[PDB]
Amino acid sequence: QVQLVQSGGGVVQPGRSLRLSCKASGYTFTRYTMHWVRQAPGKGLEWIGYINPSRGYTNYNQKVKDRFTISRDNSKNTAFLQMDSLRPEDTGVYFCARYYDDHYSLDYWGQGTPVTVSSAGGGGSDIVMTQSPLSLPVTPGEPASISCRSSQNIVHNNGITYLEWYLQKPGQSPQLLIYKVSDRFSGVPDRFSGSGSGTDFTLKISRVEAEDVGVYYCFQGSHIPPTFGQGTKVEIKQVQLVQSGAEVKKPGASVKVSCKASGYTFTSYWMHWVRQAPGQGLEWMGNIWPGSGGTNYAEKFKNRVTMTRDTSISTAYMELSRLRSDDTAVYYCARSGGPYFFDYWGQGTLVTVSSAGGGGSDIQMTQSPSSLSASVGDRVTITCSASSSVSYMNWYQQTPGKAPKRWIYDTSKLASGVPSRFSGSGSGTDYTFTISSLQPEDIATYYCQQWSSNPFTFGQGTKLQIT
Amino acid sequence: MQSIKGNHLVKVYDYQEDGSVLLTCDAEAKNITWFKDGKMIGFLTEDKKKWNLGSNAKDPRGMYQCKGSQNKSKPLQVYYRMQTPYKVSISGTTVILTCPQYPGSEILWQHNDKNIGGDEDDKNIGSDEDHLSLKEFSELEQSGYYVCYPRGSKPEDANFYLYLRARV
Amino acid sequence: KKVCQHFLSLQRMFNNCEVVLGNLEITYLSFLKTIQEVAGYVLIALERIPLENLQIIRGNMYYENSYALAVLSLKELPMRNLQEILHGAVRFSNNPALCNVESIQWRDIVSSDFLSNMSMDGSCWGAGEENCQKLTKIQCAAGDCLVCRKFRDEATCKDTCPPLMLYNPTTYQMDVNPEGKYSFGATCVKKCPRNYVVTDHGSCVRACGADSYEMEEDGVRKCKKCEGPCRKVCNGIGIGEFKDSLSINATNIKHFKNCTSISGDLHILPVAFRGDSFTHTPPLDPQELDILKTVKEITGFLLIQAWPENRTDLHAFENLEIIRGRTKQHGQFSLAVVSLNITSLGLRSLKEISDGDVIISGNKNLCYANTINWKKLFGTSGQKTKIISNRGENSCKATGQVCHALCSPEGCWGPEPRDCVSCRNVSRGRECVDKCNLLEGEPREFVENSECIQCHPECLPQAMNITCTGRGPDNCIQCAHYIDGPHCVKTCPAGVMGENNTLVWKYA
């Protein structure tokens, strides 16, 4: 018996990465395409993508082709779907299905693996350093006070509380302002000052002028991934690390944003490399100890970013691969100091990335009615409308808690075991599924599916109930 | 290839004693009307129903489609070498075929209703995106009907098949 | 006779212990019965514990102070045999459940330690009247003594076993004892058995890794004193727990305390002394760099790319002795003291830089270095020094920061006469004086292979000829203190051990 076993589901923090495994049994794993389909709660089946195990050929739905990675192990007859940058919209049951090319239908579906994207581990791995006021406008000459509270106590085992409050004036490099909780940066005027302990810290800006205007974004330090804060933009109520230039690419392309180093022995200060998502806070991306080429890349970008070194030319590249729609950022490439992380910073090479999209829009299937209640023995007719003409239509039966099972293939052919009371008919953009005599065993969710074009499109599903 | 389902009524008669290319129309015989690259090239009022394209030495080529009492059938790309059509290139003894419709989905190929270009265990049959490579082309073995289609769709659902005959 | 020093572990690892040379820490079922002789303490912390044969407690440890028989909170604890606790006091206290024990005195069980004899909650001893105290005093203490005062080889009671070494007046030398007997616990064993290593006092211990070292000068491992620091391999920066460490960082300097053969590569870099932030390191305090001064091999690559500027030498590594470059930083540079501000290369002992080439560059005020002929140091022919951009050699020579002419042609790694590769005349250890005190001098040396070896202090100096030819008081030409036969000595032997440990009168 053909058997597909999904494994690896569970609860992970939003943005985290997850890899699933689908062990295929009962058949030659290399002989049939393995495709991925997700069923979000309350949502219909969404085709994710497929991989040809014999050819390795993979296609992914435009929604996740840049976040999902479909992999396979022929020696293990197992497919892997690497899901990175996990988002709440991706919570759902993930199913693996075999493509029998002969029937142009997903004939076998695995039992599926549930995936829930939520703040289970959020705040543990990171250190949510939320900042108290937000966009607090301050009139000049007033004791404005911006506080930030840390999801854990930021006090490292060395005992040094390595908070810092790096202040970014309009259109400028992040510049460090309070070195630890209560020192001040040399050249950072005493006008700013700060205090705190445990999980709440704050800085009192006793006299504020035009100069301090800008957003004070509190870094973390003890938390293994540096973690900069949301940003309470205060408004009104030498060694220079040269960056590379503004570039704009298209989705999935590659950027190598460079940082030339001058004024400090390049192999003597780790060129830790922040990023600044526009409309979001800074987040470390990964360091590089220019001496030895060591990278310590960060988790949210652990498998997309590659930051290499070229000591001779005094330049540090940072090859981000497979850019996704929200990677548009200004990658300030700063120098990870002695007593203060991110001391003196670079110009930053804004890299706004937004391709057309490609296969964002595909054949759309409409199933009617969405819900139907009928008596035992009643004839039930379900209609499925496609936005464009399809050669063959497939019907799948999904009982609550069970995997979708192919019911009709080729728009009229009943799968093995299907009662003759079920029937499928239609051509082009109109198809019909008919159950001549409803039985109590027929209660399930029924979906029509198109495969003529990638991605495979499924109807909204018809919930059939017995009155 | 062998089948006519999908409105692929135009076929090549490979029962020729002489090197002439004959095309056949699989429609309810009343009168067969032939077309070549969209323009009508003949109207068979009963009697004969096959269309002679001449000697195969003349490299007959074009999109041929027939029509009986129903609407015109799908075209049959004839390409002898002794709507966007399939691209044909010959280099030495290598014959390369190019998919007219390459939306970037996985493109598959079939030769006389037989899958080809899938297994990597063939050094002489390579598939690279919308291009199929046929090295050391065997005129008697590799000639026939060829068809390409995307995963999830049917080969008979293709807009047309390609009839390839090449002496290399 | 089995030996020992959680309840399950102790009841399994003391059960067969016929004698415990340590102490009897029975704390918190009938598991011990033949604990014959105990040279130490007994931490009785619990109602029916036989301990029937537990005969002698030596108090070699104590719970707090002379706390030999500590009790707390056992009527059926018939310590009938425990008849003389030696070298200790009985803290037989908190005996709430103890019966038949108050009736028995607790003082004939101890000798001359009644001052610390505290006890609080003719006569029978233990539970059941079948047991008695069996007084024997009011050298046996357990009643050819059964249990000896100090040492009982097989059956005789001895204070001290036959020594491992017995003086030979026939050799006029204090020789080994052919009947040498290491004192195993209190029993003399011709061979230190039980996989135990002979110790300094002669009592083999299974661990003498403190202030000593283990050696095998014969078929039995011996515990020898630690020459300087004894070998203590530590993983360096790169291989082991610090495998990701990027410098001799602050949080990682200490675990290299006493770390003899840094097996990785010490790599002190600018981030370390600057003290790193995205790695969470406090600034390396310049004094703490002294910790590595015990380093005597850096069997890797020592790239020392900044040391505290207020210090005028790389003295903290003044004990490197081999820099065998099994790993080579940049594949060729093995000792790479580069871009510092050391006045003298200062590394006084590097005597085998095994593999890589050595770059001593950028040390803009390191001037004595260029004189060193780096051919005797390097260890394979593919080495080539690169001593570049040190202080201008003409500038150094004119300013007189030259090697002390009390040092031979080989160069000298620092201005002071101690730091000099090879000596003009002889050498008195780390320094190399003008002339070893052949006649004039307090130490009054004897030159050796171009080295001054201080005379045996047990020999008086003589003013007409050289003091003493060779090391060891046998070879000294003047002996004002007594001289033992044909050898000098501190004093004539009286309390020596002879054929039967005879106190050799020897001579007057």
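Residues numbered from 1 in each chain as written, not as in the entry; some residues may be left out. Chains lettered and ligands numbered in written order. Heavy atoms only, no water. Residues with missing side-chain atoms left out of burial classes, pairs and counts.

The deposited coordinates derive from cryo-EM, with the record listing a resolution of 3.64 Å.

Let us now look at the overall build of chain B. The number of helices and strands found in chain B is 1 helix and 15 strands. Expected size for 168 residues packed as a compact globule is a radius of gyration near 15 Å; at 16 Å, chain B falls within 12% of this value. On the principal axes, the C-alpha backbone points of chain B span a range of 50 × 35 × 25 Å. (Helix = DSSP H or I, 4+ residues; strand = E, 2+ residues; numbered from the N terminus. Rg over C-alpha atoms; globule rule 2.2 N^0.38 Å.)

Another aspect to go through is the overall build of chain A. A tally of helices and strands in chain A yields 0 helices and 40 strands. For the C-alpha atoms alone, the extent of chain A along its principal axes is close to 85 × 50 × 40 Å.

Taken in spatial order, the 8 strands make up an open sheet running β4-β3-β6-β7-β15-β14-β10-β11 (chain B), and their pairing is mixed. Across the chains shown, the open sheet's two edge strands, defined by having one partner strand only, are β4 (39–45) and β11 (115–116) of chain B. (Pairing = 2+ DSSP bridges.)

So, about the interface of chain C and chain A. The accessible area lost on association of the parts is a frequent measure of interface size. The partner chain A presents 7 residues to the 7 residues of chain C that form the contact. When its residues are assigned to classes, the side of chain C that touches chain A shows 3 nonpolar, 2 polar and 2 charged. (Contact = heavy atoms within 4.5 Å. Nonpolar A, V, L, I, M, F, W, Y, C, P; charged D, E, K, R; others polar.)

All names here are of chain B. As assigned here, chain B comprises domain 1 (1–82) and domain 2 (83–168). One C-alpha centre belongs to domain 1, the other to domain 2; they are set 21 Å apart. Listed per partner, the contact involves 12 residues of domain 1 and 13 residues of domain 2. For the side of domain 1 that touches domain 2, the class distribution of residues is 7 nonpolar, 2 polar and 3 charged. (Domains from an automatic or database assignment.)

All right, on to the domain arrangement of chain A then. Here chain A is described as being made up of domain 1 (1–117), domain 2 (123–237), domain 3 (240–353) and domain 4 (362–467). Of note, the centres of domain 1 of chain A and domain 2 of chain A, computed from C-alpha atoms alone, are 44 Å apart.

Residue and element names in this part refer to chain A. Examined bridge by bridge, strand β4 (residues 33–39) and strand β9 (residues 92–100) share 7 bridges and lie antiparallel to one another. Bridging from a neighbouring strand, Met34 pairs with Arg98 of β9. Two elements, β4 and strand β5 (residues 45–51), share 6 bridges in a ladder whose sense is antiparallel. Following the sheet pairing, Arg38 is matched in β5 by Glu46. Following β4, the chain reverses through 5 residues before pairing antiparallel with β5; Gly42 in that reversal takes a positive phi of roughly 75°.

This part covers the interface of chain B and chain A. Each side of the interface is counted separately: chain B has 6 residues, and chain A has 5 residues. Classifying every residue of the side of chain B that touches chain A by side-chain character gives 1 nonpolar, 3 polar and 2 charged.

This paragraph deals with the sheet that holds strand β15 (residues 192–197) of chain A. Residue and element names in this part refer to chain A. The antiparallel open sheet is built from 4 strands, whose spatial order is β12-β13-β16-β15. Looking at strand neighbours, the two that pair on one side only are β12 (129–131) and β15, the edges of this open sheet. Looking at each pair of strands side by side, their axes are set apart by 20° on average, direction ignored. Pairing of β15 with strand β16 (residues 200–205) involves 6 bridges; the strand directions are antiparallel. By the bridge assignment, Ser197 is partnered in β16 with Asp200. (Axes fitted to C-alpha atoms, helices over the stretch in contact; angles between N-to-C directions.)

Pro369(A) follows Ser368(A) through a cis peptide bond whose omega is 0°. Among the structural elements, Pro369(A) can be located in the loop between β31 (365–368) and β32 (371–374). Positive phi outside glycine occurs at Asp47(B), with the angle close to 45°. Tracing the chain through its elements places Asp47(B) in the loop between β4 and β5 (51–55).

Following the sequence through the fold, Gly202(C) ends up in the loop between β8 (187–189) and β9 (213–215). Residues within four places of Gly202(C) in sequence aside, it is in contact with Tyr182(C) and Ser183(C).

Another point: the arrangement of the chains. Contacts are most numerous between chains A and C, considering all 2 pairs of chains that are in contact. At their nearest point, the C-alpha atoms of chain B and chain C are still 43 Å apart, with no contact between the two.

With respect to the element layout, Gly152(B) can be found in the loop between β14 (144–150) and β15 (161–166). Measuring from C-alpha to C-alpha, the distance between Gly152(B) and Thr94(B) comes to 30 Å, with 58 residues separating the pair along the chain. Filtering out sequence-adjacent residues up to four positions away, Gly152(B) remains in contact with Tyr104(A), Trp451(A) and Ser452(A).

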